[PDB]
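Trainee: This is the content of run35.pdb (PDB, C-alpha atoms):
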```
ATOM      1  CA  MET A   1     -16.265  13.793  -7.733
ATOM      2  CA  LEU A   2     -18.919  14.920  -5.289
ATOM      3  CA  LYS A   3     -18.005  11.923  -3.135
ATOM      4  CA  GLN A   4     -14.539  10.435  -2.562
ATOM      5  CA  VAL A   5     -13.458   6.816  -2.140
ATOM      6  CA  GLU A   6     -12.201   6.116   1.376
ATOM      7  CA  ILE A   7      -9.444   3.523   1.662
ATOM      8  CA  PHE A   8      -7.796   2.028   4.757
ATOM      9  CA  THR A   9      -4.764  -0.241   4.543
ATOM     10  CA  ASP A  10      -2.293  -2.262   6.623
ATOM     11  CA  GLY A  11       0.165  -5.098   6.095
ATOM     12  CA  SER A  12       2.529  -7.111   8.268
ATOM     13  CA  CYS A  13       4.574 -10.285   8.613
ATOM     14  CA  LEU A  14       5.068 -13.023  11.178
ATOM     15  CA  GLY A  15       8.706 -12.203  11.813
ATOM     16  CA  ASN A  16      10.458 -10.087   9.198
ATOM     17  CA  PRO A  17      11.098 -11.482   6.710
ATOM     18  CA  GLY A  18       8.446 -14.165   6.984
ATOM     19  CA  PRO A  19       4.960 -15.115   5.911
ATOM     20  CA  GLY A  20       3.003 -11.906   5.491
ATOM     21  CA  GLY A  21      -0.307 -10.454   4.532
ATOM     22  CA  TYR A  22      -2.265  -7.302   3.900
ATOM     23  CA  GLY A  23      -5.749  -5.972   4.536
ATOM     24  CA  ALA A  24      -7.496  -3.118   2.755
ATOM     25  CA  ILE A  25     -10.988  -1.708   3.105
ATOM     26  CA  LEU A  26     -12.572   0.570   0.527
ATOM     27  CA  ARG A  27     -15.777   2.497   1.122
ATOM     28  CA  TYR A  28     -17.627   4.429  -1.583
ATOM     29  CA  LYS A  29     -21.305   5.456  -1.711
ATOM     30  CA  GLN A  30     -21.908   3.413   1.426
ATOM     31  CA  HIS A  31     -20.676   0.208  -0.209
ATOM     32  CA  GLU A  32     -17.728  -1.525   1.414
ATOM     33  CA  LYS A  33     -15.200  -3.842  -0.203
ATOM     34  CA  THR A  34     -12.356  -5.746   1.453
ATOM     35  CA  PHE A  35      -9.104  -7.136   0.027
ATOM     36  CA  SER A  36      -6.705  -9.427   1.793
ATOM     37  CA  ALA A  37      -4.084 -11.907   0.690
ATOM     38  CA  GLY A  38      -1.155 -13.736   2.234
ATOM     39  CA  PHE A  39       2.333 -14.456   0.919
ATOM     40  CA  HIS A  40       4.653 -17.288   1.879
ATOM     41  CA  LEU A  41       7.755 -15.151   2.303
ATOM     42  CA  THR A  42       7.833 -11.344   2.240
ATOM     43  CA  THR A  43       8.584  -8.245   4.381
ATOM     44  CA  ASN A  44       6.591  -5.771   6.495
ATOM     45  CA  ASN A  45       7.475  -2.940   4.134
ATOM     46  CA  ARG A  46       6.372  -4.918   1.077
ATOM     47  CA  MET A  47       3.027  -5.826   2.684
ATOM     48  CA  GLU A  48       2.319  -2.238   3.811
ATOM     49  CA  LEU A  49       2.919  -1.180   0.186
ATOM     50  CA  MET A  50       0.984  -4.109  -1.321
ATOM     51  CA  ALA A  51      -2.088  -3.170   0.730
ATOM     52  CA  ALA A  52      -2.196   0.339  -0.801
ATOM     53  CA  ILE A  53      -1.370  -0.939  -4.284
ATOM     54  CA  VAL A  54      -4.105  -3.600  -4.377
ATOM     55  CA  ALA A  55      -6.715  -1.180  -3.001
ATOM     56  CA  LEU A  56      -5.842   1.511  -5.561
ATOM     57  CA  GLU A  57      -5.540  -0.974  -8.452
ATOM     58  CA  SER A  58      -9.090  -2.106  -7.659
ATOM     59  CA  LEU A  59     -10.370   1.313  -8.772
ATOM     60  CA  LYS A  60     -10.082   0.963 -12.519
ATOM     61  CA  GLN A  61     -11.320   4.438 -13.328
ATOM     62  CA  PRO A  62      -9.753   7.650 -12.021
ATOM     63  CA  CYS A  63     -11.071   8.526  -8.582
ATOM     64  CA  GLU A  64     -10.614  11.100  -5.909
ATOM     65  CA  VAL A  65      -9.406   8.996  -2.974
ATOM     66  CA  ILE A  66      -8.610   9.455   0.727
ATOM     67  CA  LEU A  67      -6.180   6.725   1.870
ATOM     68  CA  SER A  68      -5.514   6.185   5.557
ATOM     69  CA  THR A  69      -2.529   4.127   6.649
ATOM     70  CA  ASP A  70      -0.175   3.918   9.634
ATOM     71  CA  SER A  71       2.676   2.678   7.403
ATOM     72  CA  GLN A  72       5.844   4.623   7.962
ATOM     73  CA  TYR A  73       7.399   3.144   4.837
ATOM     74  CA  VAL A  74       4.539   4.255   2.572
ATOM     75  CA  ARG A  75       4.549   7.700   4.159
ATOM     76  CA  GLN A  76       8.294   8.063   3.746
ATOM     77  CA  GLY A  77       8.217   7.048   0.130
ATOM     78  CA  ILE A  78       5.234   9.214  -0.787
ATOM     79  CA  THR A  79       6.314  12.309   1.170
ATOM     80  CA  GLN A  80      10.126  12.135   0.806
ATOM     81  CA  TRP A  81      11.541   9.811  -1.896
ATOM     82  CA  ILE A  82       9.308   8.788  -4.755
ATOM     83  CA  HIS A  83       9.666  12.164  -6.733
ATOM     84  CA  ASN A  84      13.419  11.573  -6.767
ATOM     85  CA  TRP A  85      13.401   7.815  -7.274
ATOM     86  CA  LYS A  86      11.426   8.365 -10.513
ATOM     87  CA  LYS A  87      13.678  11.177 -11.708
ATOM     88  CA  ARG A  88      16.725   8.920 -11.177
ATOM     89  CA  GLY A  89      15.175   6.185 -13.333
ATOM     90  CA  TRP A  90      14.366   4.114 -10.267
ATOM     91  CA  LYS A  91      18.066   3.556  -9.474
ATOM     92  CA  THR A  92      20.564   4.589  -6.764
ATOM     93  CA  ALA A  93      23.943   6.185  -7.628
ATOM     94  CA  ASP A  94      25.559   2.733  -7.936
ATOM     95  CA  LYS A  95      22.990   2.175 -10.719
ATOM     96  CA  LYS A  96      21.217  -0.628  -8.834
ATOM     97  CA  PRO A  97      17.408  -0.614  -8.937
ATOM     98  CA  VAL A  98      15.923   0.986  -5.876
ATOM     99  CA  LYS A  99      14.631  -1.377  -3.224
ATOM    100  CA  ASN A 100      11.074  -2.630  -3.826
ATOM    101  CA  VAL A 101      11.031  -0.964  -7.225
ATOM    102  CA  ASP A 102       8.424  -3.443  -8.494
ATOM    103  CA  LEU A 103       5.881  -2.275  -5.931
ATOM    104  CA  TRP A 104       6.823   1.400  -5.955
ATOM    105  CA  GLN A 105       6.361   1.544  -9.761
ATOM    106  CA  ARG A 106       2.866   0.010  -9.340
ATOM    107  CA  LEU A 107       2.082   2.576  -6.651
ATOM    108  CA  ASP A 108       3.348   5.354  -8.937
ATOM    109  CA  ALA A 109       1.043   4.104 -11.734
ATOM    110  CA  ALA A 110      -1.875   4.337  -9.265
ATOM    111  CA  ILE A 111      -0.821   7.851  -8.264
ATOM    112  CA  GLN A 112      -0.971   8.823 -11.939
ATOM    113  CA  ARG A 113      -4.477   7.419 -12.197
ATOM    114  CA  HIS A 114      -6.028   8.655  -8.958
ATOM    115  CA  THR A 115      -6.119  11.953  -7.082
ATOM    116  CA  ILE A 116      -5.059  10.683  -3.704
ATOM    117  CA  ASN A 117      -5.180  12.468  -0.410
ATOM    118  CA  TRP A 118      -3.033  10.579   2.063
ATOM    119  CA  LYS A 119      -3.960  10.512   5.755
ATOM    120  CA  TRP A 120      -1.051   9.268   7.890
ATOM    121  CA  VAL A 121      -2.669   7.837  10.943
ATOM    122  CA  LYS A 122      -1.298   7.116  14.385
ATOM    123  CA  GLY A 123      -2.894   4.375  16.468
ATOM    124  CA  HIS A 124      -5.928   2.132  16.132
ATOM    125  CA  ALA A 125      -8.070   3.862  18.782
ATOM    126  CA  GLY A 126      -9.926   6.298  16.524
ATOM    127  CA  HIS A 127      -9.469   4.057  13.492
ATOM    128  CA  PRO A 128     -11.718   0.968  13.413
ATOM    129  CA  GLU A 129     -11.149   0.227   9.718
ATOM    130  CA  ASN A 130      -7.379   0.274  10.211
ATOM    131  CA  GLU A 131      -7.747  -2.122  13.140
ATOM    132  CA  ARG A 132      -9.823  -4.424  10.891
ATOM    133  CA  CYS A 133      -7.011  -4.244   8.325
ATOM    134  CA  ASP A 134      -4.423  -5.200  10.931
ATOM    135  CA  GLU A 135      -6.452  -8.321  11.694
ATOM    136  CA  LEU A 136      -6.896  -9.157   7.977
ATOM    137  CA  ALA A 137      -3.122  -8.796   7.424
ATOM    138  CA  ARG A 138      -2.427 -11.268  10.281
ATOM    139  CA  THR A 139      -5.056 -13.834   9.312
ATOM    140  CA  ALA A 140      -3.781 -13.747   5.727
ATOM    141  CA  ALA A 141      -0.203 -14.218   6.972
ATOM    142  CA  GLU A 142      -1.491 -17.240   8.966
ATOM    143  CA  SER A 143      -2.838 -18.801   5.732
ATOM    144  CA  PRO A 144      -0.814 -17.611   2.721
ATOM    145  CA  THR A 145      -1.758 -18.485  -0.820
ATOM    146  CA  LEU A 146       0.706 -16.442  -2.933
ATOM    147  CA  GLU A 147       4.377 -16.222  -3.683
ATOM    148  CA  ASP A 148       5.734 -12.664  -3.480
ATOM    149  CA  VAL A 149       7.532 -12.899  -6.820
ATOM    150  CA  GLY A 150       9.251  -9.548  -6.339
ATOM    151  CA  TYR A 151      10.816 -10.336  -2.957
ATOM    152  CA  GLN A 152      14.416 -10.703  -4.067
ATOM    153  CA  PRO A 153      17.161 -10.566  -1.486
TER     154      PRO A 153
END
```
Can the structure from this file be put into structure tokens for me?
Mentor:
Amino acid sequence: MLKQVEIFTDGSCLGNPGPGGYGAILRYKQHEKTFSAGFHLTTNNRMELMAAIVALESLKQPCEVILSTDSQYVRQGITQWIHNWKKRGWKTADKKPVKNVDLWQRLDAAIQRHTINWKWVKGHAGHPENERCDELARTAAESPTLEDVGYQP
């Protein structure tokens, strides 16, 4: 692809666990799309992941993608754990499913589809789209419309 899809994502909750939401912005060929939804009861980690998942799932055909997020959880999973989670059949040694397996498997399916370059950002200052996503995540959390069916403590 001569030109790559740019994605920016964030998610958060109002207290953790609590109502939560995500925001994602995609830009390709100078066309921008936004996604945002709120959940009645969820976690920060689940919303940070959901933001990336929904953005990537919106690209139905394989794309070369640059995805910018300040999520530590997403970075940790992508850079440290997900190779091994998959190899272990998505279970820990006690044979329990890994935490947030539902969302990590959806992210893994998106990683199979797309050629993603991850940009782990720090701070909103040089990152206007990420700041917009932070606001979207909050306003969604202030007006949820979905149950997070995979949130299962």
Trainee: Which neighbours of residue 8 in chain A fall inside 8 Å, counting all atoms listed in the file, when residues of the same chain fewer than 5 positions from it are skipped, and could you give them as a PyMOL selection string?
Mentor: chain A and resi 24-26+67-69+129-130+133
Trainee: Around the point (5.5, -9.7, 4.6), in the coordinates given by the file, pick out the residues reaching within 7 Å, counting all atoms listed in the file, and return them as a VMD selection string.
Mentor: chain A and resid 12 to 13 16 to 21 39 41 to 44 46 to 47
Trainee: Keeping only C-alpha atoms, write the selected residues to a file as a PDB file, in the coordinates of the input.
Mentor:
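Now in out.pdb:
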```pdb
ATOM      1  CA  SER A  12       2.529  -7.111   8.268  1.00  0.00           C
ATOM      2  CA  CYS A  13       4.574 -10.285   8.613  1.00  0.00           C
ATOM      3  CA  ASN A  16      10.458 -10.087   9.198  1.00  0.00           C
ATOM      4  CA  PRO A  17      11.098 -11.482   6.710  1.00  0.00           C
ATOM      5  CA  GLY A  18       8.446 -14.165   6.984  1.00  0.00           C
ATOM      6  CA  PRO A  19       4.960 -15.115   5.911  1.00  0.00           C
ATOM      7  CA  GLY A  20       3.003 -11.906   5.491  1.00  0.00           C
ATOM      8  CA  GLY A  21      -0.307 -10.454   4.532  1.00  0.00           C
ATOM      9  CA  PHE A  39       2.333 -14.456   0.919  1.00  0.00           C
ATOM     10  CA  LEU A  41       7.755 -15.151   2.303  1.00  0.00           C
ATOM     11  CA  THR A  42       7.833 -11.344   2.240  1.00  0.00           C
ATOM     12  CA  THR A  43       8.584  -8.245   4.381  1.00  0.00           C
ATOM     13  CA  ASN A  44       6.591  -5.771   6.495  1.00  0.00           C
ATOM     14  CA  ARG A  46       6.372  -4.918   1.077  1.00  0.00           C
ATOM     15  CA  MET A  47       3.027  -5.826   2.684  1.00  0.00           C
TER      16      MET A  47
END
```
Trainee: Which is closest to residue 74 in chain A among A:127, A:119, A:31, A:3, if we use all atoms listed in the file?
Mentor: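 The closest residue to residue 74 in chain A is A:119.
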Trainee: Record the distance separating CA of residue 110 in chain A and CA of residue 72 in chain A, expressed in Å with one decimal.
Mentor: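 Going from CA of residue 110 in chain A over to CA of residue 72 in chain A, I get 18.9 Å.
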Trainee: So which residues get picked by the PyMOL selection byres ((chain A and resi 114-118) around 12) here, written as a PyMOL selection string?
Mentor: chain A and resi 1+4-9+52-53+55-71+74-79+107-113+119-121
Trainee: Would you write out, as a list in words, every residue that the PyMOL selection byres ((chain A and resi 98) around 12) captures in this file?
Mentor: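 Output from the PyMOL selection byres ((chain A and resi 98) around 12), applied to this file: residues 77, 81, 82, 84, 85, 86, 87, 88, 89, 90, 91, 92, 93, 94, 95, 96, 97, 99, 100, 101, 102, 103, 104, 105 and 152 of chain A.
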Trainee: What's the separation between CA of residue 50 in chain A and CA of residue 10 in chain A, in Å to one decimal place?
Mentor: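 Computing the Euclidean distance for CA of residue 50 in chain A and CA of residue 10 in chain A yields 8.8 Å.
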Trainee: Where atoms are absent from range 112-136 of chain A, fill them in so it carries N, CA and C atoms, then output it as a PDB file, in the coordinates of the input.
Mentor:
```pdb
ATOM      1  N   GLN A 112      -0.669   8.145 -10.680  1.00  0.00           N
ATOM      2  CA  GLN A 112      -0.971   8.823 -11.939  1.00  0.00           C
ATOM      3  C   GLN A 112      -2.451   8.763 -12.238  1.00  0.00           C
ATOM      4  N   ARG A 113      -3.060   7.632 -11.918  1.00  0.00           N
ATOM      5  CA  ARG A 113      -4.477   7.419 -12.197  1.00  0.00           C
ATOM      6  C   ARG A 113      -5.399   8.226 -11.277  1.00  0.00           C
ATOM      7  N   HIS A 114      -5.136   8.151  -9.978  1.00  0.00           N
ATOM      8  CA  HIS A 114      -6.028   8.655  -8.958  1.00  0.00           C
ATOM      9  C   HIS A 114      -5.508   9.934  -8.317  1.00  0.00           C
ATOM     10  N   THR A 115      -6.444  10.748  -7.828  1.00  0.00           N
ATOM     11  CA  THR A 115      -6.119  11.953  -7.082  1.00  0.00           C
ATOM     12  C   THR A 115      -6.240  11.591  -5.616  1.00  0.00           C
ATOM     13  N   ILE A 116      -5.103  11.261  -5.031  1.00  0.00           N
ATOM     14  CA  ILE A 116      -5.059  10.683  -3.704  1.00  0.00           C
ATOM     15  C   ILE A 116      -4.689  11.728  -2.672  1.00  0.00           C
ATOM     16  N   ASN A 117      -5.474  11.735  -1.611  1.00  0.00           N
ATOM     17  CA  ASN A 117      -5.180  12.468  -0.410  1.00  0.00           C
ATOM     18  C   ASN A 117      -4.801  11.458   0.642  1.00  0.00           C
ATOM     19  N   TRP A 118      -3.570  11.532   1.090  1.00  0.00           N
ATOM     20  CA  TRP A 118      -3.033  10.579   2.063  1.00  0.00           C
ATOM     21  C   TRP A 118      -3.295  11.089   3.479  1.00  0.00           C
ATOM     22  N   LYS A 119      -3.733  10.189   4.344  1.00  0.00           N
ATOM     23  CA  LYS A 119      -3.960  10.512   5.755  1.00  0.00           C
ATOM     24  C   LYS A 119      -3.046   9.561   6.549  1.00  0.00           C
ATOM     25  N   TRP A 120      -2.014  10.099   7.178  1.00  0.00           N
ATOM     26  CA  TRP A 120      -1.051   9.268   7.890  1.00  0.00           C
ATOM     27  C   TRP A 120      -1.510   9.121   9.320  1.00  0.00           C
ATOM     28  N   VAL A 121      -2.031   7.962   9.659  1.00  0.00           N
ATOM     29  CA  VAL A 121      -2.669   7.837  10.943  1.00  0.00           C
ATOM     30  C   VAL A 121      -1.724   7.283  11.982  1.00  0.00           C
ATOM     31  N   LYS A 122      -2.025   7.613  13.229  1.00  0.00           N
ATOM     32  CA  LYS A 122      -1.298   7.116  14.385  1.00  0.00           C
ATOM     33  C   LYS A 122      -2.291   6.407  15.305  1.00  0.00           C
ATOM     34  N   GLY A 123      -2.104   5.110  15.502  1.00  0.00           N
ATOM     35  CA  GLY A 123      -2.894   4.375  16.468  1.00  0.00           C
ATOM     36  C   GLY A 123      -4.185   3.824  15.900  1.00  0.00           C
ATOM     37  N   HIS A 124      -4.680   2.767  16.528  1.00  0.00           N
ATOM     38  CA  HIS A 124      -5.928   2.132  16.132  1.00  0.00           C
ATOM     39  C   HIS A 124      -7.164   2.711  16.828  1.00  0.00           C
ATOM     40  N   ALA A 125      -6.958   3.451  17.923  1.00  0.00           N
ATOM     41  CA  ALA A 125      -8.070   3.862  18.782  1.00  0.00           C
ATOM     42  C   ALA A 125      -9.209   4.546  18.021  1.00  0.00           C
ATOM     43  N   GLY A 126      -8.898   5.580  17.253  1.00  0.00           N
ATOM     44  CA  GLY A 126      -9.926   6.298  16.524  1.00  0.00           C
ATOM     45  C   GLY A 126     -10.097   5.771  15.114  1.00  0.00           C
ATOM     46  N   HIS A 127      -9.588   4.561  14.856  1.00  0.00           N
ATOM     47  CA  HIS A 127      -9.469   4.057  13.492  1.00  0.00           C
ATOM     48  C   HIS A 127      -9.911   2.605  13.330  1.00  0.00           C
ATOM     49  N   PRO A 128     -11.225   2.350  13.456  1.00  0.00           N
ATOM     50  CA  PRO A 128     -11.718   0.968  13.413  1.00  0.00           C
ATOM     51  C   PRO A 128     -11.410   0.227  12.119  1.00  0.00           C
ATOM     52  N   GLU A 129     -11.425   0.899  10.976  1.00  0.00           N
ATOM     53  CA  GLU A 129     -11.149   0.227   9.718  1.00  0.00           C
ATOM     54  C   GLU A 129      -9.681  -0.207   9.661  1.00  0.00           C
ATOM     55  N   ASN A 130      -8.790   0.633  10.166  1.00  0.00           N
ATOM     56  CA  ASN A 130      -7.379   0.274  10.211  1.00  0.00           C
ATOM     57  C   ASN A 130      -7.149  -0.921  11.129  1.00  0.00           C
ATOM     58  N   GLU A 131      -7.875  -0.980  12.241  1.00  0.00           N
ATOM     59  CA  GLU A 131      -7.747  -2.122  13.140  1.00  0.00           C
ATOM     60  C   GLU A 131      -8.258  -3.406  12.450  1.00  0.00           C
ATOM     61  N   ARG A 132      -9.326  -3.291  11.665  1.00  0.00           N
ATOM     62  CA  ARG A 132      -9.823  -4.424  10.891  1.00  0.00           C
ATOM     63  C   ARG A 132      -8.763  -4.861   9.891  1.00  0.00           C
ATOM     64  N   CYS A 133      -8.050  -3.901   9.305  1.00  0.00           N
ATOM     65  CA  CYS A 133      -7.011  -4.244   8.325  1.00  0.00           C
ATOM     66  C   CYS A 133      -5.827  -4.936   8.965  1.00  0.00           C
ATOM     67  N   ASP A 134      -5.482  -4.520  10.174  1.00  0.00           N
ATOM     68  CA  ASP A 134      -4.423  -5.200  10.931  1.00  0.00           C
ATOM     69  C   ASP A 134      -4.789  -6.679  11.134  1.00  0.00           C
ATOM     70  N   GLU A 135      -6.033  -6.939  11.498  1.00  0.00           N
ATOM     71  CA  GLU A 135      -6.452  -8.321  11.694  1.00  0.00           C
ATOM     72  C   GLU A 135      -6.407  -9.107  10.371  1.00  0.00           C
ATOM     73  N   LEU A 136      -6.945  -8.525   9.292  1.00  0.00           N
ATOM     74  CA  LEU A 136      -6.896  -9.157   7.977  1.00  0.00           C
ATOM     75  C   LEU A 136      -5.455  -9.498   7.573  1.00  0.00           C
TER      76      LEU A 136
END
```
